[PDB]
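One chain comes next, on its own, written out as structure tokens in the form deposited in one PDB entry.
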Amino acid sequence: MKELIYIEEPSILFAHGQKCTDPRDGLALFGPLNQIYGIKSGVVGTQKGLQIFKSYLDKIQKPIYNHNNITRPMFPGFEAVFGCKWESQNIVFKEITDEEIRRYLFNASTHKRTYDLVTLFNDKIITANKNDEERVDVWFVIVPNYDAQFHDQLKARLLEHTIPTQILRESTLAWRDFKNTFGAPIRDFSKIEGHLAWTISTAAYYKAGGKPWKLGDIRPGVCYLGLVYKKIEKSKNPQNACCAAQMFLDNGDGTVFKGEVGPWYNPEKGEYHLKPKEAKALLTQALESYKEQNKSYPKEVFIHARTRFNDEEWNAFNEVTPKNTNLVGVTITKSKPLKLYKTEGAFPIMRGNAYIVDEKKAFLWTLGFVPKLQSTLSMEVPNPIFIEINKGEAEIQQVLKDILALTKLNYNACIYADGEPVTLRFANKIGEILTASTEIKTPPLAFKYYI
């Protein structure tokens, strides 16, 4: 009777060349990789936002409790885990006063409302950066009532100046008092508060310019890539094409995780493939990055996608392969009903089990029950992901192990594992920001700005 193949769980690195699995415990025990020690910060908002941010900032220093320390671990303090300084006495603050005249929305054409609202903050930040003497690392903008595309436009118009920015709402920071105003309670973080502090602290530290942790089970001479198409149809012309990519390389000493981006476009409505000429430039730039960084051409290149490749656009990729490098292509799908039920008990199948129907197709269980955490990652019985080797020749089990190991790198959070590989996630993360406005040429390809 058909069996299930098991794959051992990978491990991540930490300070002093140590190994662990859960990022939270490793960080609380060992520490981050590199040593940075400046978190000079500046805020923008009303007086209430400033006072709330100050209150949360000095509150974050004390140890924080969690109801189930077996599932969600402790947060002892910022100075302990990270070994840095983040106080409230070294901040710069710029008032927004009570201008607020934009609140009547102009009663119509909310697009210009969003334009003006984002313009106010953008001009404030730009003037502060250009004229003020003091040095600032990151900006925390606090916004109090209803908008749609604030987040995309804000990061879109600030891309040229290359200034990191984090967006917060005082309802989240001050959920204690922002309770039911007429009988409708909104938030309750008593069961979670430590997790919220963990996530906010990790995001702030990463934005400051520090590397918390890195993978340590990569093979030399092996590259990686991502791909996803975004739908842009606000303009009348059918565009349908926004192709970005990411790159995860093993440098001679460390690792490199960045993005290769430039909006490549395509006519036709539903043609989700890529034109023969445009793919050449993307592959050439991706190859040249590694060629210049590592002084030599890569040995193996893996391409990940959520759609199959046709014959001609894939053949175009072959004219750029230098000597023999194999561009194995993998397709990942997230909707195929194969819910497996445990025969007895009340706990579902635990993660790490994979099913092979043939030498190409496979079912992978990236979500399950973690015995170490004594809890499940998914609310209901989990559903697997379909993995298919489209073109090229390789070994399926090795690809399964690699994609399983690729799910533990999510710097935007502090979770034990992620459902899908990050290389797919970040391209979609930056696609909407790039497509919010199309007035940028040669945008930065770092990560602090888009995230």
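Here, rigid core means the biggest group of C-alpha atoms that superpose within 1.5 Å across both forms. Residues carry their position along the shown sequence, with the first being 1.
Compared with other PDB entries of the same protein, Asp147 is missing from at least a third of those that resolve the residues around it.
In terms of unmodelled positions of the deposited sequence, the stretch from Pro144 to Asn145 in this entry skips 10 or more residues.
One more form of this protein should be noted, the form deposited in another entry, which is absent from this view; the next part is about it.
Core-superposed comparison between the shown form and the other one: CA of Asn180 displaced by 2 Å or more. Positional change of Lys214 between the shown form and the other one stays under 2 Å at the C-alpha, relative to the superposed core. Annotation: Cα of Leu409 displaced by less than 2 Å between the shown form and the other one, core superposition. In that other deposited form, the Cα positions of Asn410 and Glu260 lie at least 3 Å farther from each other than in the form displayed. Put simply, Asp250 and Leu409 come closer in that other deposited form: their C-alpha atoms are 3 Å or more nearer than in the form shown.
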